[PDB]
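Engineer: The structure that follows is given in the form of structure tokens.
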Amino acid sequence: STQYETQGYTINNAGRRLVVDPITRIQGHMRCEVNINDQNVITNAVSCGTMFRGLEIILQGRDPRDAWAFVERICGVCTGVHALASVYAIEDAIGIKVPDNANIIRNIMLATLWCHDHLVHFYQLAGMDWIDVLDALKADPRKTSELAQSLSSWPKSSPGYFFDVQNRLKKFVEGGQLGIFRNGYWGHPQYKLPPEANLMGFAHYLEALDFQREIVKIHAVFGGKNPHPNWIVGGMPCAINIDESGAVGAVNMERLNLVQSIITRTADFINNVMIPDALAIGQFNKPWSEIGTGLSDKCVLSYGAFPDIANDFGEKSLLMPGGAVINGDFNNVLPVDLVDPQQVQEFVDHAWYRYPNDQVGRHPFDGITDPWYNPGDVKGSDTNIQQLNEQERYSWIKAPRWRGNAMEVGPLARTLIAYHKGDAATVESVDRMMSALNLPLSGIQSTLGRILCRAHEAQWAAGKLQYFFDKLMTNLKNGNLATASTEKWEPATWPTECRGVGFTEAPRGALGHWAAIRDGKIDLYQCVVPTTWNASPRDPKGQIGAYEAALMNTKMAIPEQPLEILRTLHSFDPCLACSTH
Amino acid sequence: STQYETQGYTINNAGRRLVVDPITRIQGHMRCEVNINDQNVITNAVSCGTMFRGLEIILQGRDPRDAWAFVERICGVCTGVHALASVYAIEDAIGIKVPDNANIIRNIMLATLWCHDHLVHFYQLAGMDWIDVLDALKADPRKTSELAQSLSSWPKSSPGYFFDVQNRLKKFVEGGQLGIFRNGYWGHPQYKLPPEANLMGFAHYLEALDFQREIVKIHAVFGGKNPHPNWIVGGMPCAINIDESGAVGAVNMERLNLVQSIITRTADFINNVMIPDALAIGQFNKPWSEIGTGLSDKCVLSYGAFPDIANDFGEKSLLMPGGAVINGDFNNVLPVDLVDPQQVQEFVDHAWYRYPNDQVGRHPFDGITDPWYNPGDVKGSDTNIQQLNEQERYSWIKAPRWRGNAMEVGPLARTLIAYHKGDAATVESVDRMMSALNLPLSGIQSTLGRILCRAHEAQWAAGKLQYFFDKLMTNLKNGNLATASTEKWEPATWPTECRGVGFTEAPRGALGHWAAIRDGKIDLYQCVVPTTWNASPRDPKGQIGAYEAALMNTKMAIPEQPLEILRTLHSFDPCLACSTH
Amino acid sequence: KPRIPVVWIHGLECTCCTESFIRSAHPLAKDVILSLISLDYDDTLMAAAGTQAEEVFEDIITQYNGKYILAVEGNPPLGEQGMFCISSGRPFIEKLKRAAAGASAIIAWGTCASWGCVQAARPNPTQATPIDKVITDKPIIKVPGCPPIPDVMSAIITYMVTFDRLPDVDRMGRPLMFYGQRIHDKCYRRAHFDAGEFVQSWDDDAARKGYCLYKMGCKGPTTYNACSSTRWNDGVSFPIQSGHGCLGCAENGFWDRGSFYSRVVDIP
Amino acid sequence: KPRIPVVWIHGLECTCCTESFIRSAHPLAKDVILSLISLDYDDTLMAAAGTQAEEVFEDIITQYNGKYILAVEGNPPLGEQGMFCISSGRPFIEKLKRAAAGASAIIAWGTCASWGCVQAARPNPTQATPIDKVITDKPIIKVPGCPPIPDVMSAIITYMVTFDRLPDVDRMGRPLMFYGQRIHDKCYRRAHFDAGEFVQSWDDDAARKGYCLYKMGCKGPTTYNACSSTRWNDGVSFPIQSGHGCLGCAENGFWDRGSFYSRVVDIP
Ligand code: SF4
Ligand code: SF4
Ligand code: SF3
Ligand code: SF3
Ligand code: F3S
Ligand code: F3S
Ligand SMILES: [Cl-]
Ligand SMILES: [Cl-]
Ligand SMILES: [Cl-]
Ligand SMILES: [Cl-]
Ligand SMILES: [Cl-]
Ligand SMILES: [Cl-]
Ligand SMILES: [Mg+2]
Ligand SMILES: [Mg+2]
């Protein structure tokens with residue numbers, strides 16, 4: 001056993017080893033191991049992506065115009081975001097500018113995704129860490145109604161409704177077929193909601209499971225389907241026709257009316273169901289404002305997103321600010337450049353990949369994806385990992401760093417960046433939220449804060465949906481219908497050699513695709529994805545990533561029941577297929 | 001002026017004449033005139049259908065297979081019921097037997113229409129006679145929430161919800177554009193609900209307006225569209241394929257799943273929204289259990305409907321019972337025969353039609369539709385009527401009678417017939433309803449009872465929807481897929497001369513189509529429709545119809561404001577396009 | 001801001017077009033009435049009756065003279081001096097003329113108002129007459145169908161409110177957006193038509209596989225409407241999808257073009 | 001009444017097939033989970049993690065040996081001894097085989113479990129392999145698509161529950177009900193294909209009228225699925241309706257059948 005110091009932490013692998021494999025209520029495959037000391041406090045944390053597919057390899061030799069369709073299948077949860085990044089990268093390489101309505105529609109596609117993804121995460125993925133579902137069976141329906149009605153104007157709050165929900169749950173459980181609730185952590189001492197709040201929360205879980213299906217109708221109108229809508233290099237394929245013959249074959253007023261209807265319903269659900277639930281979780285779990293800080297008070301990163309000026313990816317265009325903070329210096333938000341080889345680099349000395357020199361980091365235009373499964377000594381065998389060896393290679397996830405620094409990405413990171421760049425709406429929301437909870441600003445830098453920022457962001461995105469739709473309708477009122485630029489559709493028009501970067505803010509954080517084109521085909525395609533940052537393994541200096549840092553120093557009530565580990569990891573919304581691609 | 005006695009009424013046309021033209025919140029065109037004495041009591045009532053189109057004339061010489069589509073357009077409100085009666089009548093004439101699944105689907109179509117029609121009538125047509133919409137502005141949202149939660153388990157009952165509805169209404173009326181509420185009867189002394197029940201009722205009016213569009217999705221699956229779905233002589237055109245190639249081109253499991261989803265939602269809305277609102281209207285307006293009795297304690301008629309044994313229209317098959325009561329003898333439910341020339345007859349001595357002898361009635365197989373607009377000695381002229389002359393011809397509606405008796409048809413009539421035939425579910429339902437209001441069973445024979453019976457029938461029809469769906473699914477499980485009989489589809493197979501009767505129970509009452517075919521073409525097609533019964537003018541003996549009887553003896557608080565007349569007329573759910581066809 | 005005043009009148013009709021309107025899924029009819037327009041007169045829905053309703057009618061057409069839109073459902077009969085449709089003791093045609101005279105524009109909802117529909121089918125007992133044969137000095141937008149598709153009705157409304165103008169129309173006065181192409185030009189069974197794969201009798205093997213309904217009388221080849229693309233009842237179905245041929249219900253005179261079960265003779 | 005036990009496992013995958021399943025409109029996924037099946041193991045949605053999740057897995061497959069349905073999303077990689085997809089420290093293929101041994105039948109959801117999908121596209125770095133090449137002694141129903149249509153997934157579930165049998169399949173193991181006909185055999189743009197009316201470049205006049213996408217690379221002519229009839233997201237759209245050609249996503253090896261924008265070569 002060994003110990004060393006990094007980033008203010010003492011990493012110590014003495015003591016009992018606990019393994020959590022599989023991590024559930026995430027996308028994809030993850031393993032987590034920790035060591036705990038004699039006070040049941042985590043002194044070592046090990047994040048391991050347990051899947052790989054090799055999209056960067058598969059994309060070689062494809063037509064650049066086809067790339068979005070392949071990379072969209074990196075992930076069906078954050079569906080669409082990789083397609084957006086791909087079309088941005090290819091347009092950047094070739095020198096394609098899209099029409100304004102295409103940019104607006106893309107921004108609608110991204111905002112819709114943010115709404116859908118954050119909603120499903122809150123209820124279906126993270127919710128059962130906070131709500132004790134079996135405890136809902138002890139609630140008083142009248143007190144549940146009174147609680148709901150004190151928190152929100154949402155209509156669905158009658159005592160009879162909550163009694164019906166409760167009775168449905170009782171009948172579900174009665175015969176022993178507990179399904180997704182089987183062998184859960186119910187009764188753990190960290191479940192702090194009263195029975196009435198558990199029943200309210202469970203009712204909202206069911207309402208969100210129903211409602212989420214409506215949100216993605218917007219992707220169906222503009223993109224054909226969800227999951228995995230369609231896109232084009234040059235704009236979008238959903239041609240518009242409002243007032244001419246054949247509008248039945250295009251995006252017409254009836255289609256646009258459907259989109260407006262969905263936007264209204266989506267804002268209503270998020271503002272009156274999800275937002276009050278999140279604030280209530282905060283009110284009853286205030287100690288979690290001091291747990292899981294990790295790198296969120298040290299280093300945070302956003303690339304920025306939602307260009308409001310078509311084809312302008314600068315600071316004056318991006319509605320969602322970019323920037324980096326390092327060394328806990330939030331008074332100096334630094335500019336990010338995704339072409340600068342000294343900024344974003346990926347290390348593989350602790351990952352299952354080959355580089356010619358694994359002690360150095362590679363920028364993605366120099367990136368290499370050559371898989372090498374080599375777990376070293378793992379107390380079992382190469383096909384029976386009992387304990388990963390974190391002194392050696394232990395993950396299918398590469399280790400990204402920014403100027404050599406380990407960063408956190410995602411809703412909390414973005415909120416901190418926007419706050420410290422002086423974005424007025426963010427400063428005002430964050431201050432009001434922390435005031436309503438009677439917590440200091442520093443409480444946001446926590447597992448609780450990640451959850452609150454995500455809910456906030458779902459509200460922000462639902463508002464931006466209306467803003468973007470109104471911009472579209474304004475262009476249509478002015479006779480501007482264009483949705484595609486095709487000047488450089490044909491490969492004969494392209495540079496023989498070119499390269500480009502496409503970037504955005506996915507639900508989970510900063511996303512970049514780096515592409516190089518030669519002789520009409522993809523020569524190189526490298527992705528660095530938000531969970532690649534957060535779930536990162538160690539680098540040659542031993543620096544730990546966001547997940548490992550956030551788990552460090554955490555007290556576990558019952559070592560065998562990893563609820564605290566699940567709470568913190570789920571607060572980052574891990575997407576493991578994204579992370580490994 | 002004249003006075004005479006009929007059916008226990010003294011008909012006296014002395015004194016002040018009041019005219020209500022147009023009657024609004026009905027289907028089609030109606031005029032009502034009454035005389036009132038010095039005590040503001042109605043001593044004379046005159047029902048006048050003020051439209052005619054002549055479908056019976058238009059159908060002459062058509063192909064019998066096409067007749068359903070023409071007669072469906074008798075009415076867009078009771079859409080589908082005339083098609084059903086038509087296919088029944090042509091099948092009866094030719095000797096066609098449909099497969100079981102076609103009968104089950106037709107029963108689904110009819111039940112669906114009962115649910116939709118009754119719901120829309122209750123809120124959009126009748127509701128503003130009982131709910132003072134402007135008084136909703138004075139309610140307290142919390143007390144509205146408490147009222148709603150005391151009456152129902154329906155989820156949508158939060159104080160915030162009722163406040164939002166109240167603010168929507170406030171904003172709507174702020175600009176002075178009161179729209180459908182302009183120049184209403186608001187504040188009339190007969191509005192008896194407290195402000196909180198007005199707000200609750202108004203919220204439900206809005207919820208029903210939104211929800212009703214879902215119910216008719218069942219018609220779109222089986223019949224293509226609503227309004228005015230499609231049908232065929234021989235069954236239904238909606239071929240079924242569950243488990244073979246090409247099920248994408250037919251009624252398949254996904255289509256059946258849609259139907260089940262709509263059934264469940266429809267039952268839930270009716271049971272938890274409409275039913276408790278009807279009971280609430282009953283609680284706050286009990287004096288209306290003694291107003292508008294009319295013919296309902298004397299003469300009522302049902303043909304019966306919903307044959308459960310395919311092609312069997314007998315008493316053992318019909319799920320909704322048929323029968324007639326006369327002379328107030330509810331102990332003698334008499335059988336109805338629509339071929340017997342002494343039973344159903346229509347008179348035109350007080351209608352705008354020619355007969356060879358206008359002093360006798362004609363059975364519909366001898367029916368004549370020869371329009372003759374002759375209003376005679378009116379106050380005014382024949383293109384500017386100030387007062388109809390009810391001693392002469394005064395309506396486009398023919399006067400149907402049953403063995404010479406004037407009858408009431410519709411939900412109250414059906415309920416009485418079923419009750420007195422000893423239908424267990426009807427006896428239990430009516431007894432529990434009247435017990436909840438602390439009213440005697442006689443309280444159903446009234447304007448209030450017509451409303452209560454209509455809501456109860458919507459609940460019955462929603463339960464029957466599930467029953468029929470389950471019967472269909474049982475057949476499919478047994479490999480019984482057939483939906484059409486085509487061995488007599490071709491005109492060469494038909495008898496050279498034949499006649500048939502198609503009957504059912506429309507939402508408003510007993511419907512019959514009588515058809516004669518000769519040489520492959522329609523030779524005679526006569527319709528007698530439920531509002532033709534209820535809105536009937538007088539016959540040669542001076543006997544009054546159901547509307548005129550129900551209006552007799554009614555006290556009016558404010559003669560110039562016909563609220564009491566509207567309440568009683570709306571309680572019958574008048575369909576004037578139906579009545580005149 | 002004030003909402004645009006609309007007066008909705010009803011002639012000889014079955015009320016299918018009002019029913020269709022209230023089926024709208026997006027925007028909901030509730031939201032059309034509350035927030036997009038001011039529906040200032042409509043006999044089917046309004047609180048007031050008789051003299052109180054007639055006062056509304058007069059007040060609206062006076063105060064908003066030249067500024068309201070007139071929606072018409074149904075049609076006027078010319079027979080019996082117009083007294084086949086009586087409104088406030090006078091021929092409906094008089095109310096139509098009075099309403100039309102003050103309107104900025106007229107929407108002819110449905111086949112009744114557009115063309116005549118079922119009451120105008122042979123022998124037309126009442127001499128029912130479409131609106132553009134009576135009103136000759138006002139813009140009239142024809143929105144045919146028996147009835148038109150609910151979300152077409154509401155889309156046309158939202159077009160007008162949003163763009164502050166009438167939709168562009170074809171030579172027959174129908175909005176190009178929804179009536180510019182034939183049913184058969186966007187029918188999902190067109191693969192079968194062009195392969196000669198037809199339903200020959202109801203519930204045959206071909207019917208169970210969704211083959212083309214041409215030989216069963218489908219009038220899609222001669223009918224302009226949106227039913228094969230937009231579909232009905234929030235995208236649930238349309239006549240052909242549920243196994244019946246198109247009747248041709250959006251076309252002038254469709255009731256008297258022979259039997260519904262006779263094949264279309266001269267395919268365009 | 002007990003509900004049928006279902007074990008849902010996940011190999012190499014993007015989770016599009018689980019996401020599609022929860023999009024179901026009728027029945028709602030909620031009602032499937034609560035009323036129709038017992039979803040007894042599913043990494044994406046279950047409360048238990050780690051050893052508690054492995055205990056559920058082991059208890060269900062033992063208790064209901066021979067009587068549960070195995071749903072499979074994604075596929076097993078054969079490369080690196082299976083350790084491109086690690087489950088509880090061992091190759092995913094081992095968990096697949098243990099789950100498969102006790103199942104009464106297997107549902108292979110999506111193009112991944114049916115055929116291979118994106119990870120199996122050239123050069124297939126991980127040797128991703130579809131389920132039927134690994135499990136050779138159980139009934140496997142293939143439900144292809146990337147992902148399959150939500151309401152197709154739920155219709156297949158309800159069929160099995162209602163009729164208590166597996167659906168009848170084609171020679172590839174796909175349910176005939178939804179995969180018996182080509183996209184192009186039920187496409188609403190077929191009138192334009194048959195007329196030679198094609199989109200030639202994006203957002204051209206033809207695109208704005210909904211012309212056929214064959215020259216833009218549409219793979220509808222060679223793809224079996226229900227998208228052009230059942231449609232997506234409760235009937236809202238499908239790829240072609242929103243202006244992009246079908247990619248061929250329900251067909252084996254679609255990623256490697258040339259560029260998505262190259263025309264289909266030999267149309268059936
Ligand atoms: S004839 Fe009718 S069913 Fe056949 S392709 Fe044309 S519109 Fe469709
Ligand atoms: S090629 Fe594609 S768009 Fe054209 S008709 Fe066939 S499936 Fe439809
Ligand atoms: Fe639509 S009111 Fe109904 S009949 Fe044909 S449109 Fe007329
Ligand atoms: Fe559907 S998990 Fe998404 S990649 Fe294509 S099916 Fe696989
Ligand atoms: S009958 Fe009418 S509803 Fe459409 S499919 Fe034909 S135009
Ligand atoms: S791409 Fe896939 S979703 Fe349908 S339209 Fe083609 S099979
Ligand atoms: Cl009118
Ligand atoms: Cl016509
Ligand atoms: Cl619609
Ligand atoms: Cl698994
Ligand atoms: Cl494949
Ligand atoms: Cl779907
Ligand atoms: Mg990468
Ligand atoms: Mg008649």
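Numbering starts fresh at 1 for the residues of each chain in the structure tokens, the chains themselves are lettered A, B, ... in the order given, and ligands are numbered from 1 as they appear.
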Could you write out as number ranges by chain the residues of chain D within 6 Å of chain A, counting only C-alpha atoms?
Structural biologist: D: 14-16, 23, 38-40, 43-50, 84-86, 88-90, 119, 122, 203, 208-210, 232, 237-239, 242-244
Engineer: Given a cut-off of 8 Å, what residues near ligand 10 show up using only C-alpha atoms and all ligand atoms, put as a ChimeraX atom specification?
Structural biologist: /D:8-11,42-43,87,92,95-96
Engineer: Run DSSP on the backbone and tell me which residues of region 11-241 of chain D come out as alpha helix (DSSP H); list them as a PyMOL selection string.
Structural biologist: chain D and resi 16-22+29-31+50-63+92-102+110-114+150-163+176-179+190-195
Engineer: Could you report the residues within 7 Å of ligand 13, using only C-alpha atoms and all ligand atoms, as a VMD selection string?
Structural biologist: chain A and resid 56 398 526 to 528 580 to 581
Engineer: To check your reading of the model: which residues sit at most 10 Å from ligand 9 when counting only C-alpha atoms and all ligand atoms? Write the answer as a PyMOL selection string.
Structural biologist: (chain A and resi 254) or (chain B and resi 213+217+225-226) or (chain C and resi 20-26+148-155+227+230-238)
Engineer: Residues of region 47-157 of chain C in strand (DSSP E or B) according to DSSP, as an NGL selection string?
Structural biologist: :C and (68-73 or 75 or 77 or 85-87 or 90-91 or 103-109 or 128 or 140-143)
Engineer: With distances taken over only C-alpha atoms, which residue among D:223, D:136, D:181, D:201 lies nearest chain C?
Structural biologist: D:181
Engineer: Let me see if you get this right: every residue at most 6 Å from ligand 5, counting only C-alpha atoms and all ligand atoms, written as a compact mmCIF listing (two decimals) with N, CA and C atoms, in the first residue's frame.
Structural biologist:
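The resulting file, selection.txt, is shown below:
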# COMPACT_ATOMS: atom_id res chain seq x y z
N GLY C 145 -63.64 20.45 -47.56
CA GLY C 145 -63.63 19.24 -46.77
C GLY C 145 -64.89 19.10 -45.95
N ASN C 225 -56.42 17.97 -50.96
CA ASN C 225 -56.54 18.10 -49.53
C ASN C 225 -55.23 17.64 -48.92
N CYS C 227 -55.00 15.25 -46.34
CA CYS C 227 -55.30 14.13 -45.43
C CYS C 227 -54.20 13.09 -45.46
N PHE C 238 -56.30 8.59 -41.50
CA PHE C 238 -57.11 9.24 -42.49
C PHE C 238 -57.94 8.18 -43.18
N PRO C 239 -58.92 8.58 -43.99
CA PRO C 239 -59.82 7.57 -44.56
C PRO C 239 -59.11 6.32 -45.14
N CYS C 246 -60.93 7.37 -50.35
CA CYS C 246 -61.33 8.78 -50.27
C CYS C 246 -62.71 8.90 -51.01
N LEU C 247 -63.65 9.64 -50.40
CA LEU C 247 -64.94 9.97 -51.02
C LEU C 247 -64.85 11.11 -51.97
N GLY C 248 -63.79 11.88 -51.84
CA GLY C 248 -63.60 13.12 -52.59
C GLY C 248 -64.19 14.34 -51.92
N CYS C 249 -64.27 14.31 -50.58
CA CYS C 249 -65.13 15.25 -49.85
C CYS C 249 -64.70 16.70 -49.90
N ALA C 250 -63.46 17.00 -50.28
CA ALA C 250 -63.02 18.37 -50.40
C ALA C 250 -63.29 18.96 -51.81
Engineer: Based on only C-alpha atoms, which of the residues in chain A come within 9 Å of chain B? I want them as an MDAnalysis selection string.
Structural biologist: chainID A and resid 145 148:149 152:164
Engineer: Export N, CA, C and O atoms of the chosen residues as a PDB file, in the first residue's frame?
Structural biologist:
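Ended up saving to result_13.pdb:
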ATOM      1  N   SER A 145     -50.480  16.054  -0.157  1.00  0.00           N
ATOM      2  CA  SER A 145     -51.162  17.145  -0.880  1.00  0.00           C
ATOM      3  C   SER A 145     -50.815  18.506  -0.308  1.00  0.00           C
ATOM      4  O   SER A 145     -50.451  19.415  -1.033  1.00  0.00           O
ATOM      5  N   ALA A 148     -47.170  19.311  -1.290  1.00  0.00           N
ATOM      6  CA  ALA A 148     -47.078  19.659  -2.704  1.00  0.00           C
ATOM      7  C   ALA A 148     -47.580  21.077  -2.991  1.00  0.00           C
ATOM      8  O   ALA A 148     -46.938  21.863  -3.706  1.00  0.00           O
ATOM      9  N   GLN A 149     -48.730  21.392  -2.391  1.00  0.00           N
ATOM     10  CA  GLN A 149     -49.385  22.658  -2.601  1.00  0.00           C
ATOM     11  C   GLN A 149     -48.637  23.830  -1.990  1.00  0.00           C
ATOM     12  O   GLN A 149     -48.770  24.944  -2.457  1.00  0.00           O
ATOM     13  N   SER A 152     -45.577  24.402  -4.816  1.00  0.00           N
ATOM     14  CA  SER A 152     -45.813  24.615  -6.237  1.00  0.00           C
ATOM     15  C   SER A 152     -47.238  24.869  -6.608  1.00  0.00           C
ATOM     16  O   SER A 152     -48.143  24.384  -5.922  1.00  0.00           O
ATOM     17  N   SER A 153     -47.423  25.562  -7.741  1.00  0.00           N
ATOM     18  CA  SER A 153     -48.753  25.775  -8.333  1.00  0.00           C
ATOM     19  C   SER A 153     -49.210  24.605  -9.221  1.00  0.00           C
ATOM     20  O   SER A 153     -50.323  24.622  -9.765  1.00  0.00           O
ATOM     21  N   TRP A 154     -48.351  23.586  -9.378  1.00  0.00           N
ATOM     22  CA  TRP A 154     -48.667  22.489 -10.251  1.00  0.00           C
ATOM     23  C   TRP A 154     -50.053  21.945  -9.941  1.00  0.00           C
ATOM     24  O   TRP A 154     -50.383  21.694  -8.781  1.00  0.00           O
ATOM     25  N   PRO A 155     -50.855  21.672 -10.994  1.00  0.00           N
ATOM     26  CA  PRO A 155     -52.230  21.288 -10.665  1.00  0.00           C
ATOM     27  C   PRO A 155     -52.415  19.970  -9.911  1.00  0.00           C
ATOM     28  O   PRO A 155     -53.341  19.822  -9.114  1.00  0.00           O
ATOM     29  N   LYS A 156     -51.553  18.998 -10.192  1.00  0.00           N
ATOM     30  CA  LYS A 156     -51.781  17.614  -9.837  1.00  0.00           C
ATOM     31  C   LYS A 156     -51.314  17.345  -8.409  1.00  0.00           C
ATOM     32  O   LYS A 156     -50.144  17.007  -8.166  1.00  0.00           O
ATOM     33  N   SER A 157     -52.229  17.549  -7.465  1.00  0.00           N
ATOM     34  CA  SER A 157     -51.848  17.566  -6.067  1.00  0.00           C
ATOM     35  C   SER A 157     -52.939  17.123  -5.123  1.00  0.00           C
ATOM     36  O   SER A 157     -52.804  17.290  -3.918  1.00  0.00           O
ATOM     37  N   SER A 158     -54.020  16.536  -5.623  1.00  0.00           N
ATOM     38  CA  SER A 158     -55.122  16.200  -4.769  1.00  0.00           C
ATOM     39  C   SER A 158     -54.781  15.069  -3.835  1.00  0.00           C
ATOM     40  O   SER A 158     -53.980  14.193  -4.164  1.00  0.00           O
ATOM     41  N   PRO A 159     -55.415  15.033  -2.628  1.00  0.00           N
ATOM     42  CA  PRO A 159     -55.201  13.882  -1.777  1.00  0.00           C
ATOM     43  C   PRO A 159     -55.583  12.575  -2.445  1.00  0.00           C
ATOM     44  O   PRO A 159     -54.933  11.568  -2.215  1.00  0.00           O
ATOM     45  N   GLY A 160     -56.652  12.583  -3.255  1.00  0.00           N
ATOM     46  CA  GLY A 160     -57.053  11.350  -3.961  1.00  0.00           C
ATOM     47  C   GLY A 160     -55.988  10.867  -4.953  1.00  0.00           C
ATOM     48  O   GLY A 160     -55.798   9.646  -5.143  1.00  0.00           O
ATOM     49  N   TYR A 161     -55.406  11.801  -5.666  1.00  0.00           N
ATOM     50  CA  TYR A 161     -54.290  11.472  -6.575  1.00  0.00           C
ATOM     51  C   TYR A 161     -53.139  10.782  -5.843  1.00  0.00           C
ATOM     52  O   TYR A 161     -52.680   9.697  -6.238  1.00  0.00           O
ATOM     53  N   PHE A 162     -52.676  11.384  -4.762  1.00  0.00           N
ATOM     54  CA  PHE A 162     -51.594  10.789  -4.015  1.00  0.00           C
ATOM     55  C   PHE A 162     -51.989   9.473  -3.383  1.00  0.00           C
ATOM     56  O   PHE A 162     -51.172   8.529  -3.354  1.00  0.00           O
ATOM     57  N   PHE A 163     -53.236   9.341  -2.925  1.00  0.00           N
ATOM     58  CA  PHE A 163     -53.730   8.011  -2.490  1.00  0.00           C
ATOM     59  C   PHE A 163     -53.712   6.969  -3.638  1.00  0.00           C
ATOM     60  O   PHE A 163     -53.354   5.808  -3.433  1.00  0.00           O
ATOM     61  N   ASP A 164     -54.128   7.378  -4.848  1.00  0.00           N
ATOM     62  CA  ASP A 164     -54.107   6.459  -5.999  1.00  0.00           C
ATOM     63  C   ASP A 164     -52.686   6.023  -6.343  1.00  0.00           C
ATOM     64  O   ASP A 164     -52.448   4.842  -6.581  1.00  0.00           O
TER      65      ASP A 164
END
Engineer: Specify as a list in words all residues of chain C found within 9 Å of chain D, counting only C-alpha atoms.
Structural biologist: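 Within 9 Å of chain D on chain C, we get residues 184, 185, 186, 187, 188, 189, 190, 191, 192, 194, 210, 228, 229, 234, 235, 236 and 241 of chain C.
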Engineer: What does the distance between CA of residue 116 (chain D) and CA of residue 128 (chain D) come to in Å, to one decimal place?
Structural biologist: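 CA of residue 128 (chain D) lies at a distance of 6.3 Å from CA of residue 116 (chain D).
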Engineer: Find the spatial neighbours of residue 141 (chain D), counting only C-alpha atoms, within a cut-off of 7 Å - ignore same-chain residues fewer than 5 positions away - and output them as number ranges by chain.
Structural biologist: D: 106-108, 173-174
Engineer: Could you list the protein, DNA and RNA residues that have any atom within 12 Å of ligand 11, counting only C-alpha atoms and all ligand atoms, and write them as a PyMOL selection string?
Structural biologist: (chain A and resi 70) or (chain D and resi 74-75+110-122+124+128-130+144-147+247-257)
Engineer: Just how far from CA of residue 301 (chain B) is CA of residue 324 (chain B), in Å to one decimal?
Structural biologist: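 It comes out at 4.5 Å.
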Engineer: Point out the residue among C:142, C:30, C:3, C:133 with the least atom-to-atom distance to ligand 3, counting only C-alpha atoms and all ligand atoms.
Structural biologist: C:142
